[PDB]
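J.: This is the structure I have questions about; it appears just below.
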Amino acid sequence: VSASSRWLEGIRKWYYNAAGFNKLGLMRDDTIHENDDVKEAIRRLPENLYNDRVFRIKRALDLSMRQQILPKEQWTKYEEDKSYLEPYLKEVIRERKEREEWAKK
Amino acid sequence: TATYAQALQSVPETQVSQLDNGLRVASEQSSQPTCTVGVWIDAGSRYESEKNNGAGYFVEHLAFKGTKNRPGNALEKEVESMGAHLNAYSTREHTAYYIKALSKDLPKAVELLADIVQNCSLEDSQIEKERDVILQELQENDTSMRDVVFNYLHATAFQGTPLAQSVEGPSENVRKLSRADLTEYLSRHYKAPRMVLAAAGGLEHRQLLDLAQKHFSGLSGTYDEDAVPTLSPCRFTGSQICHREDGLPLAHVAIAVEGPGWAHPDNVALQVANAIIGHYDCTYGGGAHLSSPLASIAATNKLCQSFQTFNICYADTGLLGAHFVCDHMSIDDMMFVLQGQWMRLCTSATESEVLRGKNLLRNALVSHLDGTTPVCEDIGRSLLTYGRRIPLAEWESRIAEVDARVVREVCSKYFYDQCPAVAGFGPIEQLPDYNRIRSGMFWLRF
Amino acid sequence: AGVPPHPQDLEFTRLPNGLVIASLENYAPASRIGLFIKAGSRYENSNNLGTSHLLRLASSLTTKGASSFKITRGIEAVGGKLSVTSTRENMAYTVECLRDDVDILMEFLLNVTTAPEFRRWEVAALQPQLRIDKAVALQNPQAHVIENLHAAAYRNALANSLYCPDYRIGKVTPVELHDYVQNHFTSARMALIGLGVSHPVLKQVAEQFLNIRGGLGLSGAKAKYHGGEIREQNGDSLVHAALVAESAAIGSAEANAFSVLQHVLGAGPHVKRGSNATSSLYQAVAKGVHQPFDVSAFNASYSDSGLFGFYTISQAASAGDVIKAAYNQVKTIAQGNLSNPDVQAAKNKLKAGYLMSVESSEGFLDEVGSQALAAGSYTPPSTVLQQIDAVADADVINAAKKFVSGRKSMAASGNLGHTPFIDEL
Amino acid sequence: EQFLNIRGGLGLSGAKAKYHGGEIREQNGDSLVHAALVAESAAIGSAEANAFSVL
Amino acid sequence: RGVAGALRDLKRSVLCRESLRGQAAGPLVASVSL
Amino acid sequence: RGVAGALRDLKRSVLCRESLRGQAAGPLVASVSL
Ligand SMILES: CCCCCC(=O)OC[C@H](COP(=O)([O-])OCCN)OC(=O)CCCCC
């Protein structure tokens, strides 16, 4: 399934580098907008993933202050970006939709 | 298989008979080795005047202390020896004495009850010993903020009427109640057409009637010429009583509007609405996910340690409302959320939550009449209030009639824009002003 | 004629995996189902103390088949109930509802007991409830004493508390809850009881969903009676004290003799505000003690041990007098001073008390579930009264002899300046 | 003599200390177990107390 | 509601001898619910 | 400063055998000051 799949993934990797959050050492889930679903998922993160999220964001804000980026060696590789928050967020959303479905009857 | 509705038909009919003197004899037969049998009397502190307000409770302290036939602890030894249990209680409208015993001991249990309610020997030496006991009980009851705040609610709600009085009476009454006051109370209220010999368990209604004509025929069924007591209606009063005592660690608050009474059909819909609001304790497991908005909000925000809704019924009146216990900085929020739910149900009750309240009441009704003693109480008390036993199939019919519209109409009739009675005890500086509470009983948006 | 129909008798089944099913169709408007599990606090050890308390508080946490929100709202929607009752030997997951909703609540019950997830964050938010739940229980002084009495009596297992030790609050892990369920909530340790349920349904449920293997053997390590004393100086208004000896395991004939001895000495009151005329302990203390007090025989029987004795409440200065008066009254019984009318009345109190304890569905269900795990059978009431009748007076005297001569365990709380030690009795 | 001439009060040593024997166990899950095991030995000032000190 | 049964907010005070009977314990049980 | 002597904020950890010697008690004393 290489022909058509790799072209789509090729455009996604293009956009990933164009977005440029990897240039500050960040991962995709570090950039999501914090709404109530996201605050709960972050709350549910285990100790290590929470502490890693804190330092990466702190390192990126420090760079943004200095208008700098990391050296190219330290950029977040597209293939190594871990969606550590997505599974927690999916459950938080699934729970809220259950409440909403019960609130309808 | 069997359905819920079919199970309601399988409940045995409660047989009812009346003696020549007027004593009503009622029973629900089961297949049990044990039973509960007792006498329910239509007497209580609402019938008592200010002079003798503590007599019925005083008589409760003397009922099991000796009779003319079995003096001293002779009665106490017979009950204990056959393994039976003798108990009693007094309310503002009803008095009850009942025995739990083996079914084989029903003939002796009935004999003892008749001996107690007729031939109670109120010996002077015993009256004086029970004097200091009751006074000590008054000191103990002062330490129960729940019992205190509910007596305060009656004191202000029915101010100036017999229902304002407590069951136990004032401290002064217990130190001057004479034997003549007690015998006058007994000979004036313990008449056969106001008593109900109720039973429940393994027993034939025939034998209960035989024991009734055997041990209760010797009872005065002929009232005095014009000394038949009649209950006057009790004026409800929108008012407030606040016992500020900051030395106590939690505030108790009781709020209520006037209810209709025992025999009003609207009680079924009112009990459904109270089931929607429900109750809460800090030891509940549900917490944030509880269905009741008041309960989930109280759990998530720690607004209280507990609350309960109630519908206390009397003859042609009652107290409909709630009571709660909370930290001194939470009284205002609990009052706000509580009243908001009353107004919400008056104006915006939905169908699904009403089915919830109906289901809770069905489970509450069936789960309560589970055992010989609760059924025996429902027999005796129902014959005083309703004049009959209301089968569970009838309660199901009244509950099924209830839908969202019925709750909105019934609740608005008793809650909306009505003056409540408020009772506060403890650290109640944050208890809202009465005008603000009264303003909480309507919505400007409606 | 309001004569009721013929009552159907209970049905009972032991599956080859050890599970026990017992149903009774009483055609009542409500149904009651309970899963009784040999998972009480005795099966904790010094490394996971309190794990069964937190487990008792976690029945509404998320499962694989039902979210936490759904368990609370689904049960409340049909007006049902979910409860978790726990002794030192058993945990009892019970569910109540009307007949037509048994399917709903059975599914919740199975998810709570066979598929809990123990989500890390849900468990963390529940930890403070241990402190609230413990604090509410321990405002009865009786709860302190009995918990200390068992800690002083035993070296292990039955020494464990029903409530989590304070040092463990916040420290119980989801792994410990998972491990506790996996090796204690197993078929050979379980009993599925149902009132207002058909036996084929329960048997179908048991074979389909309660075929859990693995785990641990039955009863774990044996309870080693030790003897000892724990004293809690707290300056309460009154002194509570309990003095016991090892008595007998439940199900043995010797245990009935202790039960009969309990009602000879005096177990509880029968008449409201009565003097307890036929209570031999109360009259013994009442002779030389005119201040307020209470005294009661204490009887606790378990799978592999038991505790018998008495419990006293008195003024702090009269504590020794009340205790010594109570202990001597038991000595006179051990010395053979016991009439036959005394034992016959005690059998009446005991036999009557047992029947009264099973007239409610709640009390009936607990008895059947308890018998299923303890005895592996159902013993009907008539046979229980038979076993009570078989108690001879000499059996009762011998039980009293066993208490007087046996190594004692004691617990007391209050101002203990006049509460004796064991060696002062 | 001026300020510490206080009379009244109680006798010396009050009530005598009655040795009992027993054990108190504190389950707290500390990293290490601390334990002390003793018997009644001797009052200070007696010759037997020096023997315990030497022991 | 949470239960502690053993018989076979300032709570309240027990003073007289009549109100003490029934209080002496007579095997603890702990029960929790919703 | 308040003292507790018996030898004849997370405090710290003792791990090795060398750092345990001297810790075993050897009659408690309590001292307070200004
Ligand atoms: C255009 C008008 C907007 C509504 C403002 C208003 O009426 O305020 C509410 C109060 C009366 O409501 P309440 O205090 O009984 O609370 C009822 C809550 N259920 O009225 C007052 O006395 C406040 C004085 C305002 C004068 C400017």
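Every chain in the structure tokens has a letter given in the order shown (A, B, ...), and although residue numbers restart at 1 in each chain, ligands are simply numbered from 1 in the order shown.
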Once chain E is fitted onto chain F by least squares over all its in-order Cα atoms, send the moved chain as a PDB file with N, CA and C atoms, in the first residue's frame.
T.:
ATOM      1  N   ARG E   1      16.962  25.909  70.443  1.00  0.00           N
ATOM      2  CA  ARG E   1      16.235  25.067  69.480  1.00  0.00           C
ATOM      3  C   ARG E   1      15.822  23.736  70.115  1.00  0.00           C
ATOM      4  N   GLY E   2      14.636  23.239  69.757  1.00  0.00           N
ATOM      5  CA  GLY E   2      14.084  22.034  70.360  1.00  0.00           C
ATOM      6  C   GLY E   2      14.921  20.787  70.128  1.00  0.00           C
ATOM      7  N   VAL E   3      15.163  20.017  71.195  1.00  0.00           N
ATOM      8  CA  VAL E   3      16.055  18.864  71.172  1.00  0.00           C
ATOM      9  C   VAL E   3      15.300  17.615  71.625  1.00  0.00           C
ATOM     10  N   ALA E   4      15.703  16.480  71.050  1.00  0.00           N
ATOM     11  CA  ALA E   4      15.305  15.146  71.490  1.00  0.00           C
ATOM     12  C   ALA E   4      16.575  14.310  71.421  1.00  0.00           C
ATOM     13  N   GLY E   5      17.083  13.893  72.587  1.00  0.00           N
ATOM     14  CA  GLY E   5      18.280  13.078  72.690  1.00  0.00           C
ATOM     15  C   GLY E   5      17.971  11.790  73.408  1.00  0.00           C
ATOM     16  N   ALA E   6      18.416  10.662  72.845  1.00  0.00           N
ATOM     17  CA  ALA E   6      18.083   9.348  73.387  1.00  0.00           C
ATOM     18  C   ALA E   6      19.232   8.339  73.309  1.00  0.00           C
ATOM     19  N   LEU E   7      20.432   8.757  72.909  1.00  0.00           N
ATOM     20  CA  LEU E   7      21.472   7.833  72.466  1.00  0.00           C
ATOM     21  C   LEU E   7      22.300   7.246  73.603  1.00  0.00           C
ATOM     22  N   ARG E   8      22.021   7.608  74.858  1.00  0.00           N
ATOM     23  CA  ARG E   8      22.782   7.106  76.011  1.00  0.00           C
ATOM     24  C   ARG E   8      21.895   6.932  77.247  1.00  0.00           C
ATOM     25  N   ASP E   9       9.239  19.105  56.649  1.00  0.00           N
ATOM     26  CA  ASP E   9      10.485  19.017  55.889  1.00  0.00           C
ATOM     27  C   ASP E   9      11.035  17.596  55.937  1.00  0.00           C
ATOM     28  N   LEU E  10      11.289  17.010  54.766  1.00  0.00           N
ATOM     29  CA  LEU E  10      11.927  15.699  54.709  1.00  0.00           C
ATOM     30  C   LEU E  10      13.305  15.780  55.358  1.00  0.00           C
ATOM     31  N   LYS E  11      13.481  15.043  56.456  1.00  0.00           N
ATOM     32  CA  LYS E  11      14.688  15.161  57.267  1.00  0.00           C
ATOM     33  C   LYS E  11      15.916  14.759  56.458  1.00  0.00           C
ATOM     34  N   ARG E  12      16.059  13.464  56.179  1.00  0.00           N
ATOM     35  CA  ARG E  12      17.070  12.906  55.282  1.00  0.00           C
ATOM     36  C   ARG E  12      16.860  11.395  55.284  1.00  0.00           C
ATOM     37  N   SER E  13      17.596  10.713  54.410  1.00  0.00           N
ATOM     38  CA  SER E  13      17.525   9.266  54.268  1.00  0.00           C
ATOM     39  C   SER E  13      18.823   8.634  54.749  1.00  0.00           C
ATOM     40  N   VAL E  14      18.698   7.459  55.363  1.00  0.00           N
ATOM     41  CA  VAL E  14      19.834   6.632  55.750  1.00  0.00           C
ATOM     42  C   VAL E  14      19.730   5.338  54.953  1.00  0.00           C
ATOM     43  N   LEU E  15      20.742   5.069  54.127  1.00  0.00           N
ATOM     44  CA  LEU E  15      20.759   3.926  53.223  1.00  0.00           C
ATOM     45  C   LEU E  15      21.837   2.909  53.568  1.00  0.00           C
ATOM     46  N   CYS E  16      23.093   3.334  53.664  1.00  0.00           N
ATOM     47  CA  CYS E  16      24.185   2.396  53.872  1.00  0.00           C
ATOM     48  C   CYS E  16      24.306   2.012  55.350  1.00  0.00           C
ATOM     49  N   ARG E  17      25.143   1.001  55.600  1.00  0.00           N
ATOM     50  CA  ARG E  17      25.388   0.502  56.949  1.00  0.00           C
ATOM     51  C   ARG E  17      26.285   1.437  57.751  1.00  0.00           C
ATOM     52  N   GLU E  18      27.143   2.205  57.070  1.00  0.00           N
ATOM     53  CA  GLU E  18      28.025   3.146  57.757  1.00  0.00           C
ATOM     54  C   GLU E  18      27.239   4.303  58.366  1.00  0.00           C
ATOM     55  N   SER E  19      26.199   4.771  57.673  1.00  0.00           N
ATOM     56  CA  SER E  19      25.402   5.905  58.126  1.00  0.00           C
ATOM     57  C   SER E  19      24.313   5.522  59.120  1.00  0.00           C
ATOM     58  N   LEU E  20      24.144   4.232  59.419  1.00  0.00           N
ATOM     59  CA  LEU E  20      23.202   3.795  60.445  1.00  0.00           C
ATOM     60  C   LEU E  20      23.831   3.723  61.829  1.00  0.00           C
ATOM     61  N   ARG E  21      25.146   3.514  61.919  1.00  0.00           N
ATOM     62  CA  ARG E  21      25.786   3.387  63.221  1.00  0.00           C
ATOM     63  C   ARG E  21      25.697   4.707  63.982  1.00  0.00           C
ATOM     64  N   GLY E  22      25.344   4.612  65.266  1.00  0.00           N
ATOM     65  CA  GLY E  22      25.049   5.763  66.092  1.00  0.00           C
ATOM     66  C   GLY E  22      23.573   6.086  66.215  1.00  0.00           C
ATOM     67  N   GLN E  23      22.725   5.507  65.356  1.00  0.00           N
ATOM     68  CA  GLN E  23      21.300   5.821  65.358  1.00  0.00           C
ATOM     69  C   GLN E  23      20.522   5.019  66.393  1.00  0.00           C
ATOM     70  N   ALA E  24      20.950   3.795  66.686  1.00  0.00           N
ATOM     71  CA  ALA E  24      20.255   2.986  67.673  1.00  0.00           C
ATOM     72  C   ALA E  24      20.309   3.663  69.040  1.00  0.00           C
ATOM     73  N   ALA E  25      19.149   3.759  69.694  1.00  0.00           N
ATOM     74  CA  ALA E  25      19.051   4.438  70.979  1.00  0.00           C
ATOM     75  C   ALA E  25      19.738   3.634  72.070  1.00  0.00           C
ATOM     76  N   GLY E  26      20.242   4.345  73.073  1.00  0.00           N
ATOM     77  CA  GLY E  26      21.068   3.730  74.099  1.00  0.00           C
ATOM     78  C   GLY E  26      20.837   4.236  75.511  1.00  0.00           C
ATOM     79  N   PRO E  27      17.172   6.427  77.033  1.00  0.00           N
ATOM     80  CA  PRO E  27      16.441   7.212  78.030  1.00  0.00           C
ATOM     81  C   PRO E  27      16.211   8.581  77.467  1.00  0.00           C
ATOM     82  N   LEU E  28      14.992   8.854  77.023  1.00  0.00           N
ATOM     83  CA  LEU E  28      14.751  10.053  76.235  1.00  0.00           C
ATOM     84  C   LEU E  28      14.855  11.307  77.103  1.00  0.00           C
ATOM     85  N   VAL E  29      15.262  12.400  76.466  1.00  0.00           N
ATOM     86  CA  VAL E  29      15.330  13.720  77.076  1.00  0.00           C
ATOM     87  C   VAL E  29      14.700  14.705  76.112  1.00  0.00           C
ATOM     88  N   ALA E  30      13.986  15.686  76.654  1.00  0.00           N
ATOM     89  CA  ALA E  30      13.333  16.724  75.867  1.00  0.00           C
ATOM     90  C   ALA E  30      13.750  18.081  76.406  1.00  0.00           C
ATOM     91  N   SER E  31      14.208  18.967  75.512  1.00  0.00           N
ATOM     92  CA  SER E  31      14.714  20.281  75.882  1.00  0.00           C
ATOM     93  C   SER E  31      14.145  21.356  74.966  1.00  0.00           C
ATOM     94  N   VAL E  32      13.752  22.486  75.568  1.00  0.00           N
ATOM     95  CA  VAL E  32      13.188  23.641  74.880  1.00  0.00           C
ATOM     96  C   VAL E  32      13.921  24.879  75.374  1.00  0.00           C
ATOM     97  N   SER E  33      13.892  25.938  74.571  1.00  0.00           N
ATOM     98  CA  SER E  33      14.671  27.138  74.867  1.00  0.00           C
ATOM     99  C   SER E  33      13.996  28.342  74.216  1.00  0.00           C
ATOM    100  N   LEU E  34      14.748  29.447  74.116  1.00  0.00           N
ATOM    101  CA  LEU E  34      14.391  30.639  73.327  1.00  0.00           C
ATOM    102  C   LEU E  34      15.291  30.812  72.068  1.00  0.00           C
TER     103      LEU E  34
END
J.: Name the residues, by chain letter and number, that sit within 9 Å of ligand 1 using only C-alpha atoms and all ligand atoms, and give them as a list in words.
T.: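 Going residue by residue within 9 Å of ligand 1, we get residues 340, 435, 436, 437, 438, 439, 440, 441, 442, 443, 444 and 445 of chain B.
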J.: Determine, counting only C-alpha atoms, which protein, DNA and RNA residues have an atom within 7 Å of an atom of range 217-234 of chain C; residues of the same chain fewer than 6 positions away are not included. Present the result as an MDAnalysis selection string.
T.: chainID C and resid 43 148 152:158 189 304 407:416
J.: Using N, CA and C atoms, can you export the residues from the last selection as an mmCIF file, in the first residue's frame?
T.:
data_model
loop_
_atom_site.group_PDB
_atom_site.id
_atom_site.type_symbol
_atom_site.label_atom_id
_atom_site.label_comp_id
_atom_site.auth_asym_id
_atom_site.auth_seq_id
_atom_site.Cartn_x
_atom_site.Cartn_y
_atom_site.Cartn_z
ATOM 1 N N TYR C 43 -7.425 -11.252 54.468
ATOM 2 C CA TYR C 43 -6.584 -11.685 53.367
ATOM 3 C C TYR C 43 -5.621 -10.593 52.933
ATOM 4 N N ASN C 148 -9.177 -2.666 67.937
ATOM 5 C CA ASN C 148 -8.018 -2.957 68.783
ATOM 6 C C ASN C 148 -8.100 -4.345 69.406
ATOM 7 N N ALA C 152 -5.074 -7.013 69.140
ATOM 8 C CA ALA C 152 -4.428 -7.577 70.318
ATOM 9 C C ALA C 152 -4.591 -9.090 70.404
ATOM 10 N N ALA C 153 -5.687 -9.621 69.866
ATOM 11 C CA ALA C 153 -5.990 -11.037 70.019
ATOM 12 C C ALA C 153 -5.136 -11.893 69.099
ATOM 13 N N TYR C 154 -4.961 -11.454 67.856
ATOM 14 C CA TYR C 154 -4.367 -12.259 66.804
ATOM 15 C C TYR C 154 -3.026 -11.706 66.348
ATOM 16 N N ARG C 155 -2.206 -12.597 65.805
ATOM 17 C CA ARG C 155 -0.914 -12.211 65.261
ATOM 18 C C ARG C 155 -1.008 -11.799 63.809
ATOM 19 N N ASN C 156 -2.046 -12.241 63.116
ATOM 20 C CA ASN C 156 -2.202 -11.972 61.700
ATOM 21 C C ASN C 156 -3.663 -12.138 61.317
ATOM 22 N N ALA C 157 -3.977 -11.698 60.106
ATOM 23 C CA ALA C 157 -5.253 -11.938 59.436
ATOM 24 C C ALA C 157 -6.485 -11.367 60.125
ATOM 25 N N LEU C 158 -6.891 -11.957 61.232
ATOM 26 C CA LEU C 158 -8.028 -11.410 61.947
ATOM 27 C C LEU C 158 -7.618 -10.182 62.747
ATOM 28 N N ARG C 189 -14.123 -19.007 45.632
ATOM 29 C CA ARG C 189 -14.239 -18.093 46.759
ATOM 30 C C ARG C 189 -15.533 -17.290 46.724
ATOM 31 N N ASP C 304 -11.943 -20.074 61.214
ATOM 32 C CA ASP C 304 -10.905 -20.846 61.882
ATOM 33 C C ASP C 304 -10.653 -20.410 63.322
ATOM 34 N N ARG C 407 -6.327 -17.958 77.711
ATOM 35 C CA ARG C 407 -5.527 -16.749 77.663
ATOM 36 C C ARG C 407 -6.380 -15.630 77.088
ATOM 37 N N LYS C 408 -6.380 -14.492 77.772
ATOM 38 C CA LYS C 408 -7.308 -13.407 77.503
ATOM 39 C C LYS C 408 -6.732 -12.410 76.512
ATOM 40 N N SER C 409 -7.645 -11.722 75.817
ATOM 41 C CA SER C 409 -7.368 -10.539 75.015
ATOM 42 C C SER C 409 -8.285 -9.428 75.496
ATOM 43 N N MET C 410 -7.764 -8.204 75.572
ATOM 44 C CA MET C 410 -8.510 -7.082 76.132
ATOM 45 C C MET C 410 -8.259 -5.822 75.323
ATOM 46 N N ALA C 411 -9.290 -4.986 75.214
ATOM 47 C CA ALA C 411 -9.137 -3.657 74.643
ATOM 48 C C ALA C 411 -10.010 -2.689 75.422
ATOM 49 N N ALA C 412 -9.499 -1.477 75.625
ATOM 50 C CA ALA C 412 -10.230 -0.475 76.378
ATOM 51 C C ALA C 412 -9.827 0.909 75.894
ATOM 52 N N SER C 413 -10.774 1.843 75.962
ATOM 53 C CA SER C 413 -10.555 3.235 75.595
ATOM 54 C C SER C 413 -11.222 4.096 76.648
ATOM 55 N N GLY C 414 -10.604 5.225 76.974
ATOM 56 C CA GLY C 414 -11.188 6.186 77.883
ATOM 57 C C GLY C 414 -10.143 6.668 78.863
ATOM 58 N N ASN C 415 -10.601 7.174 80.005
ATOM 59 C CA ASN C 415 -9.692 7.484 81.104
ATOM 60 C C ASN C 415 -9.457 6.207 81.895
ATOM 61 N N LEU C 416 -8.321 5.570 81.640
ATOM 62 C CA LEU C 416 -8.063 4.216 82.099
ATOM 63 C C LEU C 416 -7.330 4.173 83.437
#
J.: Check the smallest atom-to-atom distance from each of A:34, A:81, A:40, A:86 to chain C using only C-alpha atoms, then report the winner.
T.: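 Selected residue with least distance to chain C: A:40.
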J.: Pull the closest atom pair for each residue of chain B that gets at most 10 Å from chain A, along with the distance in Å to one decimal, counting only C-alpha atoms, ordering rows by chain and then ascending residue number, as a Markdown table.
T.:
| residue | atom | partner | partner_atom | distance |
| --- | --- | --- | --- | --- |
| B:289 | CA | A:99 | CA | 9.4 |
| B:350 | CA | A:105 | CA | 9.4 |
| B:351 | CA | A:105 | CA | 8.5 |
| B:352 | CA | A:105 | CA | 6.3 |
| B:353 | CA | A:105 | CA | 9.1 |
J.: Counting only C-alpha atoms, which residues from chain C have an atom at most 7 Å from any atom of chain B, and could you show them as a short mmCIF file (atom, residue, chain, number, x, y, z; two decimals) with C-alpha atoms, in the first residue's frame?
T.:
data_model
loop_
_atom_site.label_atom_id
_atom_site.label_comp_id
_atom_site.auth_asym_id
_atom_site.auth_seq_id
_atom_site.Cartn_x
_atom_site.Cartn_y
_atom_site.Cartn_z
CA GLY C 2 -56.33 -13.57 52.32
CA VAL C 3 -54.36 -16.78 52.88
CA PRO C 4 -51.06 -16.54 50.95
CA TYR C 27 -42.64 -13.55 43.97
CA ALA C 28 -41.93 -10.28 45.77
CA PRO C 29 -42.26 -6.99 43.86
CA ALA C 30 -38.52 -6.37 44.37
CA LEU C 57 -15.37 2.23 48.41
CA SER C 60 -18.90 2.98 41.34
CA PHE C 69 -21.17 7.94 35.28
CA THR C 72 -24.43 5.81 39.13
CA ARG C 73 -27.09 7.05 36.69
CA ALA C 77 -32.62 5.71 36.85
CA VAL C 78 -34.49 2.55 37.88
CA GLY C 79 -34.42 3.49 41.57
CA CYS C 97 -34.28 -3.26 42.36
CA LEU C 98 -37.77 -4.02 41.10
CA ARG C 99 -38.32 -7.32 39.26
CA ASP C 100 -38.26 -5.93 35.73
CA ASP C 133 -15.26 6.90 55.81
CA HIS C 270 -35.62 -6.93 74.76
CA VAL C 271 -37.76 -4.28 76.49
CA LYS C 272 -37.49 -0.53 75.92
CA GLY C 274 -36.19 -2.19 80.87
CA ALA C 277 -34.24 -8.80 84.66
CA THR C 278 -33.19 -12.03 82.90
CA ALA C 345 -34.96 -19.23 78.17
CA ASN C 348 -35.77 -19.19 73.34
CA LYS C 349 -34.01 -15.82 73.01
CA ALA C 352 -36.36 -16.31 68.41
CA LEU C 355 -35.82 -16.23 63.05
CA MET C 356 -36.28 -12.48 63.49
CA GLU C 359 -37.68 -12.05 58.13
CA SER C 360 -36.35 -9.27 55.89
CA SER C 361 -34.99 -9.96 52.43
#
J.: Would you list, as a list in words, the residues of chain D that end up in helix (DSSP H, G or I) under DSSP run on this structure's backbone?
T.: residues 47, 48, 49, 50, 51, 52, 53 and 54 of chain D
J.: If we count only C-alpha atoms and set the cut-off at 8 Å, which residues sit around range 163-166 of chain C, ignoring sequence neighbours fewer than 6 positions away in its own chain? Please answer as a PyMOL selection string.
T.: chain C and resi 49-51+53-54+130-131+134
J.: Please report as a VMD selection string which residues of chain C come no farther than 6 Å from chain E, using only C-alpha atoms.
T.: chain C and resid 82 to 87 137 268 273 292 to 300 311
J.: Just need the residues of chain B within 10 Å of chain E, counting only C-alpha atoms, so spit them out as an MDAnalysis selection string.
T.: chainID B and resid 132:137 139:146 248:252 280:287 290 305 325:326
J.: Among range 198-333 of chain C, which residues carry a DSSP assignment of strand (DSSP E), reported as a PyMOL selection string?
T.: chain C and resi 228-233+238-246+293-301+306-315
J.: Fewer than 2 positions away in the same chain doesn't count, so skip those; otherwise give me all residues within 9 Å of range 122-126 of chain C, counting only C-alpha atoms, as a list in words.
T.: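 That gives residues 54, 57, 58, 61, 62, 118, 119, 120, 128, 129, 130, 170, 172, 173 and 174 of chain C.
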J.: Using C-alpha atoms, can you write the selected residues to a file as a PDB file, in the first residue's frame?
T.:
ATOM      1  CA  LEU C  54     -10.537   1.195  49.319  1.00  0.00           C
ATOM      2  CA  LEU C  57     -15.367   2.232  48.413  1.00  0.00           C
ATOM      3  CA  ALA C  58     -14.698   1.757  44.681  1.00  0.00           C
ATOM      4  CA  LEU C  61     -15.527   3.443  39.629  1.00  0.00           C
ATOM      5  CA  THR C  62     -15.253   2.789  35.913  1.00  0.00           C
ATOM      6  CA  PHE C 118      -9.071   0.841  38.704  1.00  0.00           C
ATOM      7  CA  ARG C 119      -8.101   3.852  36.631  1.00  0.00           C
ATOM      8  CA  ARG C 120      -5.140   5.635  38.199  1.00  0.00           C
ATOM      9  CA  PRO C 128      -9.461  10.922  50.641  1.00  0.00           C
ATOM     10  CA  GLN C 129     -12.754   9.056  51.037  1.00  0.00           C
ATOM     11  CA  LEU C 130     -10.886   6.518  53.191  1.00  0.00           C
ATOM     12  CA  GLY C 170      -2.995   7.812  49.782  1.00  0.00           C
ATOM     13  CA  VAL C 172      -2.950   2.147  48.144  1.00  0.00           C
ATOM     14  CA  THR C 173      -2.148   1.613  44.480  1.00  0.00           C
ATOM     15  CA  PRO C 174      -4.265   0.513  41.500  1.00  0.00           C
TER      16      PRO C 174
END
J.: Quick one: residues within 9 Å of range 29-32 of chain A, only C-alpha atoms, excluding same-chain residues fewer than 3 positions away - as number ranges by chain?
T.: A: 21, 26, 35, 38, 53-54, 56-57, 81-86
J.: Please, could you write that set of residues out with C-alpha atoms as a PDB file, in the first residue's frame?
T.:
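Okay, again-v7.pdb is ready:
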ATOM      1  CA  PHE A  21       6.832  23.539  16.135  1.00  0.00           C
ATOM      2  CA  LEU A  26       7.903  20.529  20.696  1.00  0.00           C
ATOM      3  CA  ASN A  35     -10.046  23.667  26.521  1.00  0.00           C
ATOM      4  CA  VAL A  38      -7.642  19.095  27.193  1.00  0.00           C
ATOM      5  CA  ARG A  53       5.434  18.129  28.613  1.00  0.00           C
ATOM      6  CA  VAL A  54       6.239  20.906  31.099  1.00  0.00           C
ATOM      7  CA  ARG A  56       9.440  21.007  26.444  1.00  0.00           C
ATOM      8  CA  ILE A  57       6.930  23.854  26.618  1.00  0.00           C
ATOM      9  CA  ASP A  81       6.454  12.425  17.311  1.00  0.00           C
ATOM     10  CA  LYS A  82       4.464  10.597  19.994  1.00  0.00           C
ATOM     11  CA  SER A  83       0.778  11.446  20.404  1.00  0.00           C
ATOM     12  CA  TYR A  84       1.027  10.843  24.125  1.00  0.00           C
ATOM     13  CA  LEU A  85      -2.052  12.938  24.928  1.00  0.00           C
ATOM     14  CA  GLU A  86      -4.472  11.741  22.232  1.00  0.00           C
TER      15      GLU A  86
END
J.: Extract, using only C-alpha atoms, all DNA, RNA and protein residues at most 12 Å from residue 37 in chain D, discarding same-chain residues fewer than 6 positions from it, and format them as a VMD selection string.
T.: (chain D and resid 21 to 25) or (chain F and resid 25 to 26)
J.: Pull the closest atom pair for each residue of chain A that gets at most 9 Å from chain C, along with the distance in Å to one decimal, counting only C-alpha atoms, ordering rows by chain and then ascending residue number, as a Markdown table.
T.:
| residue | atom | partner | partner_atom | distance |
| --- | --- | --- | --- | --- |
| A:43 | CA | C:121 | CA | 8.5 |
| A:44 | CA | C:121 | CA | 6.1 |
| A:45 | CA | C:121 | CA | 8.9 |
| A:46 | CA | C:120 | CA | 8.7 |
| A:95 | CA | C:67 | CA | 8.0 |
| A:98 | CA | C:70 | CA | 8.3 |
| A:99 | CA | C:69 | CA | 7.5 |
| A:102 | CA | C:73 | CA | 8.7 |
